[PDB]
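Chemist: Shown below is the structure under consideration.
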Amino acid sequence: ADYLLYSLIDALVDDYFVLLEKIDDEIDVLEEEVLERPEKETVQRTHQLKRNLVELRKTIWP
Amino acid sequence: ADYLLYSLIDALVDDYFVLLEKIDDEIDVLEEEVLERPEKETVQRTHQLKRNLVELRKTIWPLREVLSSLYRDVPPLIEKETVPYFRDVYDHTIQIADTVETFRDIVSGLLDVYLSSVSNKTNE
Amino acid sequence: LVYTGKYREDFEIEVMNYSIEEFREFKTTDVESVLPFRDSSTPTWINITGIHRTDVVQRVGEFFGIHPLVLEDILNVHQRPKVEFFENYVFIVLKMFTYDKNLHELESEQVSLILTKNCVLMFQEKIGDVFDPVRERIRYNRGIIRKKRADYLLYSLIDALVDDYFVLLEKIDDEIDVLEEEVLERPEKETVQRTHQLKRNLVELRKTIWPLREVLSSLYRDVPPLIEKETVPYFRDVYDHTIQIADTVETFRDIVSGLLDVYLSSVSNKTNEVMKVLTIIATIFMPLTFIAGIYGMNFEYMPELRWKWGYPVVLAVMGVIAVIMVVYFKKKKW
Amino acid sequence: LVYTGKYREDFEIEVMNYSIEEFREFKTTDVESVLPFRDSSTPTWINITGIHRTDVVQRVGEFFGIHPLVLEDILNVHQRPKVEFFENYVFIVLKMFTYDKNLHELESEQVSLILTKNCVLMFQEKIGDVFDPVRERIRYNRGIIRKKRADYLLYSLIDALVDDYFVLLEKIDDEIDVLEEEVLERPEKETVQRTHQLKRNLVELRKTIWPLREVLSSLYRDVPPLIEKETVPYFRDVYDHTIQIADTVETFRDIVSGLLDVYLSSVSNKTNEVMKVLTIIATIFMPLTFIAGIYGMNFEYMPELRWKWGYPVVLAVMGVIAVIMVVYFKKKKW
Amino acid sequence: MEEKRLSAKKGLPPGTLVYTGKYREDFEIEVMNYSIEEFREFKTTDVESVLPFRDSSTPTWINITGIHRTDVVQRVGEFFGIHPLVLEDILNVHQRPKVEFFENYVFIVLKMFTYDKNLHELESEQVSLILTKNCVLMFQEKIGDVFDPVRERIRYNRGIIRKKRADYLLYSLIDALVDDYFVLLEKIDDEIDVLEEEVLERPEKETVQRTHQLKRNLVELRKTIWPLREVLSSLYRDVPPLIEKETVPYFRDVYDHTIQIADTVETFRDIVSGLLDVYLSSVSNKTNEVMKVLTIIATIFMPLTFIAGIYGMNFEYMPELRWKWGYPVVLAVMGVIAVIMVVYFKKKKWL
Amino acid sequence: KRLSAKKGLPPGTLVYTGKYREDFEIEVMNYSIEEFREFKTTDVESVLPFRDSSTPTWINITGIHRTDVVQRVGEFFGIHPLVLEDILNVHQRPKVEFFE
Amino acid sequence: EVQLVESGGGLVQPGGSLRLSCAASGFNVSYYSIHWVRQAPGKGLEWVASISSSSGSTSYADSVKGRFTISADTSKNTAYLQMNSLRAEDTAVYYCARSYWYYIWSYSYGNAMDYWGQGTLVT
Amino acid sequence: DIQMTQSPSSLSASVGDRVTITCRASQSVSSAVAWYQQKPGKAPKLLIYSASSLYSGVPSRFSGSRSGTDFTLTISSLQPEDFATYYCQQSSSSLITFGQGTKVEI
Ligand SMILES: [Mg+2]
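Chains A, B, C, D, E, F, G and H are the protein sequences, given in the same order. The end of the first sequence is residue 227 by PDB author numbering, with every number in the run present. The end of the second sequence is residue 289 by PDB author numbering, with every number in the run present. The end of the third sequence is residue 350 by PDB author numbering, with every number in the run present. The end of the fourth sequence is residue 350 by PDB author numbering, with every number in the run present. The end of the fifth sequence is residue 351 by PDB author numbering, with every number in the run present. The end of the sixth sequence is residue 103 by PDB author numbering, with every number in the run present. The end of the seventh sequence is residue 126 by PDB author numbering, with every number in the run present. The end of the eighth sequence is residue 107 by PDB author numbering, with every number in the run present.
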């Protein structure tokens, strides 16, 4: 069962990688938008992304 | 007993790391506070954090010196086998100093961001 | 030999010869009476209250064998404290500070000491002194001062100067307490100037305390043949007292510098509320001033009939616009 | 080889040879007369002021046998202070600073000291130095310098350099207090330029002092290849003086930064006062204008009519609204 | 703290080594074998041509440029006996300067910078040094380094480099890198002077971006300079058995140079902060000017407008009769009020 | 060396500088390869005889407002009075000193 | 634990002498300073004298300076107050207390009397 | 000599209210001011040292403050056990001087 625990934690980490993929796509799109058009929605998008990244740090580091 | 002294200093540095984690959490809270809702309390807390970080730097810089003195001149009280263990603590102190300097930079950025956000609200 | 000071009012010589058996005290204006006091084996203390009159100090230096440049240093009152050793005497330059509670200002006065054989040549710019306790201790038998040589007298004078340095520190401590209470309770304009003036006074105290510490360190660590080893621990004690003074000055600098930042962090946030008030009132009353003038043109092309209470329904429109605009403000929580 | 200094004026070789029994001075106009003063037993002090000619420096270096790289460092002025301990001599470079009033800038003069055998060679760009007290001591047989060797002469020169650094720091302290007076009594827009100039001067002072502190630390940290010992205890005081100089420079920078912060706070406070006055005027007079618009809209029939000659009643309503606004404003500390 | 192993990467096969940087345009190997008497210098692209220099008694300087070719790096590492973790650290560009001591070699990571004008960003290259037996191994990403003086000294027998072993070679390389750091600091000082002149004389919007970019550049410079100081301190004080205890003062000199560099960086940061403070002061002053003129105009006009509009309407009860030239009296009252407001504003030292 | 002279104190006085005067306890934890002893007390005489113990000992003195305990421990262990003053001085920065 | 016991109080004719003994238990007089405070009937506390047993440092109130002498036996852990040439103004309840020094600034110090004695009456 | 003057000489207060006693020093005493509580027939009890520091084992109701040379003893809520005489001393010099007392009554 210890190897089963290892497998479950590995699946967790794999889905964390999958999450990072979407985060990367959103960051690329948002950076392009910010550098192109200073829209009023861009600041809200960037601030929400910053909050999400803060939560991601507080979860990944422990 | 020299290994006991090493263990005590290692525990102290580990709690320094825990304190740095708590300070980073507080910096995140401050950064969230400044961007959304600037206020007098926000700048008060930011200056308080700046003073705390200055005190932390003034405390942590001598710690590197004392660890260096501990493992380099190797006095008879500390045996030769214990010397390798103090190098790890010295490296940890170096890491902590780097972290506190990074926190200093972040709080300076927060001081700038406070005025920037106040100007943004006035702009609206 | 020119005097570069600002005090040119009074001149006075105070002479105090003491021994184990009896003391002598007289204040003389003629300078010739103090000269035959150098040959006495018992210690003596010639205190010159006014140095602006140059012939007196010139005569005293010539009679006591003081080098002319040492006389120049005596007359030069804008000089850093120092100690210079000679085979015949030891020359000390110190500073005297008086602080006023009514008006926060720090002033400095230079005092010079010469210890040659048994004379403690005290040169003072003006009236008002620090060494009254020493005079009291030598007037009435009260300590070791009357059982030792004049080097112990030099020690006693330096110790008295350090003691009133401590008294000045006490007064500044009270000022800092009051200023911190005022800052935390009632911020006001001149409080910032008071804080900055106190900070600059503390900086001046630091810059004048370091040379005094060097003076005492030179006095005790490297004993001259004239100081004698029986007095060195006393100078070491005075050196430790000077260390205390330096540490207290540093901690006052640190704490007062923090008070200045309190006003800085307590301001620059009064703009928003009044700006919001102006914005909302202007927003309310610009369209409502455009109307009631759009119909008050006297254009007289509109039919003159009052209709179904045209003016009251215009007032109702005014109220409706005001209510809607207040509702929008509430939606934006302004 | 090439002269970097910007001073092309008259050059003088002030050679001063002193001993316990006698001393001599001669300003000279030819370099070959100075050359015999190479192997003299009595220590000699040679001041080759004016480096606009490289031939004299090259000849002096060849006669004294110093390395050509030492000459290159002597000619090069724009370099931080440094000390090098060659086997045959010690090479030290120091910079003399002077601060001018009116216009706010300070000039730097590089001074090179070479100690070989029983000779000290000083090179200066222009007339005017910081070593007059040493000359006064030498001429008047004051102190110990005549008794000692050239190492004590080097010590005295460095001590004079640091003493003039202290008096220069006093001059910038005076500049700081003038700037404080300007900031507090009469803030303006040139205050920013003045504060920035003072900050840049202090930064340059730090840039020129910290290498000097390193030089004195290196001199004090043993390795006296040519120092005859008993002189390195004297070097201890100068290192502490450099410590104090650096600390005072840091304090001056801190207080100037505090002055800049106070100026920014004052600017924001004036902005806030303008906020307050504009908001008060607008709030007082916009709704009153609206009321005078609705009460005064030009219509054929006025429903209120002449209700007991109510035009003064309308003015009374205006006054009531105005005093209500004044009371509301006075409720807070506005 | 204990044991070393290759870190496992999820998207890679277990034993894969990957170049992390961005430079893939060029590759060469330059060998400078020298002794007291003669020196031998050549360039090549065959990795086997440089392997038999491992056992050379005279000091050898192998310079491998183009570490994007991980095959060459691996061949060299397995031939010289370097640990796979050290090879991974060599290929990992995203790092900070570090030093590491092993039984047979010492591994040093350093950085070199090239500040570009008219595009105020600084780009760093990673250089890695491995000092083993009688060889120094240098790894670079792209052509262009700071070690031309060392090459000239070896070629023309200038200095004492030829007489000594590879320890002096390592010292010379680190010293050249520190000298290039000094040159970079000089360039940064010139940039700071330009920005200071701009802010003092002509403040515009681009001052924000330029000064903030300079501040970020200085932050990165400090973050890369402090580990360099630590590396030199470790090399000078720890003194591994590969340094022969004769070149220690040279390492102390380089340590002093690094300390000077850090001090200069701190002063630069302080100056940039002062520049930001000055620019904010200018912005606040201009805001003061504009809304002071706005406020004085509003205060002198709006109350006057209301007072004039009070009498501008028609009511049944109103002084219709000219009291004593009422309309000129009203105009004079308006003028007196305006003059009083102007005088009051002049009292407050306003325009 | 020598105790620093303080103007306002009798010569040779040792003063606790900090603020906390609430608790006081001594906890001795003697240990060896095979056996260990854990022991807490408020008496210094029960912790003094561990000076000459061969096995490593960890004596933890909580509460330095009891200057008498600090002085007695320093006297028993031969600690210099300047080191005792340094212990009692709380307004310090971290430092290490080596004695014979 | 820490207790201060006082003895030697009694009725003495004016101009006479008597010695007040302060017994210390639970602490050593060497490490602390022992004070004497007297309280006249219907009047507040008045400080008499103090001594630090480790040194020979002593201090006396100006009212009783010269007439009173303070000392301590370290071996006996007892402090004494030799009070001679008594007057009618010297009758009071004499208290014995020990104090500790605390820190305000580098230059400033203060002492507080944490433990007191029961008190003895002298007429 | 340093003279400390207390006000009021006597005080009357109920239970649960706020009581304030103020001490004034003739000359400058930094913070070496202490407060003592003495019930009749017993020795004094230390309450406050350093003019703002609460002594161990003392209820949290008592507090002190410093405003220049003005020192105040405040009791947040009076209790039946709090009716006693209170003193202020100065320890800035070797010559320690007490106050005149302040008897709090029901
Ligand atoms: Mg009309």
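Using N, Cα and C, we set each Cβ at its ideal position, and we do this for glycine too.
Closer than 7 Å between beta carbons: that is the criterion. Which residues of the segment 316 to 341 of chain C meet it against chain B?
Modeler: Answer set for the segment 316 to 341 of chain C: empty.
Chemist: Just to check, is the beta-carbon of C/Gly312 closer than 7 Å to a non-hydrogen atom of ligand 1?
Modeler: Residue numbering aside, residue 312 of chain C sits at position 296 when the third sequence is read from its first letter. Within the cutoff, so yes.
Chemist: According to DSSP, simplified to helix, strand and coil, what is F/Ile36?
Modeler: Here residue 36 of chain F refers to the residue found at position 33 of the sixth sequence. F/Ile36 falls in the coil class under three-state DSSP.
Chemist: Name the one or two DSSP bridge partners that B/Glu201 has.
Modeler: Here residue 201 of chain B refers to the residue found at position 36 of the second sequence. Partner(s): none; B/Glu201 has no beta bridge.
Chemist: Residues in its own chain within less than 6 Å of E/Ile29 by CB, not counting five upstream and five downstream?
Modeler: Stepping through the fifth sequence from its first residue, residue 29 of chain E is reached at position 29. Once the five neighbours on either side are set aside, the close Cβ partners of E/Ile29 are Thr44, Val50, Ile64.
Chemist: Residues of chain G with CB closer than 8 Å to the CB of H/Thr98, please, in chain order.
Modeler: Your numbering for residue 98 of chain H matches position 97 in the eighth sequence. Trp50, listed in chain order.
Chemist: Going straight from the alpha carbon of C/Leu235 to that of C/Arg222, what length do you get?
Modeler: Along the third sequence, one-based indexing puts residue 235 of chain C at 219. Along the third sequence, one-based indexing puts residue 222 of chain C at 206. C-alpha separation (whole angstroms): 20 Å.
Chemist: List the endpoints of the continuous beta strand (DSSP E) containing C/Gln260.
Modeler: Locating residue 260 of chain C in the third sequence gives position 244, where the first residue counts as 1. No beta strand (DSSP E) contains C/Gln260, which is instead part of the alpha helix (DSSP H) from 248 to 281.
Chemist: So for G/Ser36, helix, strand or coil by DSSP?
Modeler: Counted from its first residue, the seventh sequence places residue 36 of chain G at position 33. Residue state, collapsed to three classes: strand.
Chemist: Quick one: which chain D residues come within Cβ less than 9 Å of E/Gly274?
Modeler: For the purposes of this step, residue 274 of chain E is identified with residue 274 of the fifth sequence, where counting begins at 1. Result: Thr211, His212, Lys215, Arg216, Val219, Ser273, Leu276.
Chemist: What are the boundary residues of the alpha helix (DSSP H) that includes C/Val336?
Modeler: Numbered from its first residue, the third sequence carries residue 336 of chain C at position 320. Counting along the chain, the alpha helix (DSSP H) containing C/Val336 begins and ends at 326 to 347.
Chemist: From this set, D/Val219, D/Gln74, D/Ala338, D/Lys347, which residue's C-alpha is nearest D/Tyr19's C-alpha?
Modeler: As a first step, residue 19 of chain D is located in the fourth sequence; it is residue number 3 there, counting from the start. Nearest C-alpha to D/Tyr19: D/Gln74.
Chemist: Under DSSP, the beta strand (DSSP E) around B/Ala166 begins and ends at which residues?
Modeler: Within the second sequence, numbered from 1, the residue matching residue 166 of chain B stands at position 1. Looking at the DSSP string, B/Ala166 is not in any beta strand (DSSP E), and its letter there is neither H nor E.
Chemist: With a threshold of 7 Å on Cβ separation, who are the neighbours of C/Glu196 within its own chain once the five nearest residues in sequence on each side are excluded?
Modeler: Taking the third sequence and counting its residues from 1, the one referred to as residue 196 of chain C is at position 180. Answer for C/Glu196: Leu275, listed in chain order.
Chemist: Based on Cα-Cα distance, which residue from E/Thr267, E/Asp238, E/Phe306 lies nearest to D/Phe301?
Modeler: Along the fourth sequence, one-based indexing puts residue 301 of chain D at 285. Of E/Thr267, E/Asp238, E/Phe306, the residue nearest in Cα terms is E/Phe306.
Chemist: Do E/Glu121 and E/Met112 have their C-beta atoms within less than 8 Å of each other?
Modeler: The residue given as residue 121 of chain E occupies position 121 in the fifth sequence. The residue given as residue 112 of chain E occupies position 112 in the fifth sequence. No, the Cβ-Cβ distance between E/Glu121 and E/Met112 is not below 8 Å.
Chemist: In three-state terms, what does DSSP make of C/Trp323?
Modeler: Stepping through the third sequence from its first residue, residue 323 of chain C is reached at position 307. DSSP places C/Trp323 in coil when its eight states are reduced to three.
Chemist: Flag B/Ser281 as yes when its Cβ comes closer than 7 Å to any non-hydrogen atom of ligand 2, and as no otherwise.
Modeler: Only ligand 1 can be found as ligands here, which leaves ligand 2 out of the picture.
Chemist: Kindly list the residues whose CB is nearer than 6 Å to the CB of C/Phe101, restricted to its own chain and excluding five residues on each side of it in sequence; keep chain order.
Modeler: Position 85 of the third sequence holds residue 101 of chain C. Correct list, in chain order: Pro240.
Chemist: Excluding sequence positions up to five away, which residues of its chain have a Cβ less than 7 Å from the Cβ of H/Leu48?
Modeler: By 1-based counting over the eighth sequence, the position of residue 48 of chain H is 47. Same-chain partners within the cutoff: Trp36, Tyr37, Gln38, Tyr56, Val59, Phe63.
Chemist: Under the DSSP definition of a beta bridge, which residues are partnered with G/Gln42?
Modeler: Counted from its first residue, the seventh sequence places residue 42 of chain G at position 39. G/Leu48, G/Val96.
Chemist: Closer than 7 Å, Cβ to any Cβ of chain C: which residues of the segment 94 to 110 of chain G, in chain order?
Modeler: Residues passing the 7 Å Cβ filter: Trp108, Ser109, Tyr110.
Chemist: DSSP three-state call for E/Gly81: helix, strand or coil?
Modeler: By one-based count along the fifth sequence, residue 81 of chain E stands at place 81. In the structure shown, E/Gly81 sits in coil (DSSP, three-state: anything other than H, G, I, E or B).
Chemist: Residues of the segment 12 to 32 of chain F with a CB closer than 7 Å to any CB of chain G: list them in chain order, please.
Modeler: For the segment 12 to 32 of chain F, which is checked against every Cβ of chain G, the residues closer than 7 Å are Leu12, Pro13, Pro14, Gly15, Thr16, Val18, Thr20.
Chemist: Buried or exposed for D/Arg162, please, with buried defined as at least 16 other CB atoms from any protein chain shown within 10 angstroms of its CB.
Modeler: Indexing the fourth sequence from 1 puts residue 162 of chain D at position 146. By the neighbour-count rule (16 or more Cβ atoms within 10 Å), D/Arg162 is buried.
Chemist: For the segment 280 to 299 of chain C, which residues have a CB atom closer than 8 Å to at least one CB atom of chain D, in sequence order?
Modeler: Here the close residues are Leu280, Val283, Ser284, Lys286, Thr287, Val290, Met291, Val293, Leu294, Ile297, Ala298.
Chemist: Is the beta carbon of E/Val76 sitting closer than 8 Å to the one on E/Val47?
Modeler: Here residue 76 of chain E corresponds to residue number 76 of the fifth sequence, with the count starting at 1. Here residue 47 of chain E corresponds to residue number 47 of the fifth sequence, with the count starting at 1. Yes; because the gap between Cβ atoms is below 8 Å, this pair is in contact.
Chemist: Does the segment 56 to 63 of chain G come close enough to the segment 32 to 46 of chain G that 3 or more CB-CB pairs lie under 8 Å?
Modeler: These segments touch.
Chemist: Could you list which residues in chain B have their beta carbon closer than 7 Å to that of F/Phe101, in chain order?
Modeler: Locating residue 101 of chain F in the sixth sequence gives position 98, counting from the first residue. Going along chain B in sequence order, the residues near F/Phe101 (Cβ under 7 Å) are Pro240.
Chemist: Taking DSSP's pairing of strands, which residues face G/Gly11 in a bridge?
Modeler: Taking the first residue of the seventh sequence as 1, we reach residue 11 of chain G at position 8. G/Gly11 is not bridged to any residue.
Chemist: If you count every other CB in all the chains shown that lies within 10 Å of the CB of C/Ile67, and 16 or more means buried, which is it?
Modeler: Taking the first residue of the third sequence as position 1, residue 67 of chain C is located at position 51. Label assigned to C/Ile67: buried.
Chemist: Can at least three beta-carbon pairs, one atom from the segment 127 to 138 of chain C and one from the segment 51 to 60 of chain C, be found at a separation below 8 Å?
Modeler: As far as the Cβ criterion goes, the segment 127 to 138 of chain C touches the segment 51 to 60 of chain C, which means the pair count is three or higher.
Chemist: Short of 8 Å Cβ to Cβ, which residues in the segment 52 to 85 of chain G face chain F?
Modeler: Against chain F - using a Cβ distance shorter than 8 Å - the residues of the segment 52 to 85 of chain G are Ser55, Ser57, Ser58, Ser60.
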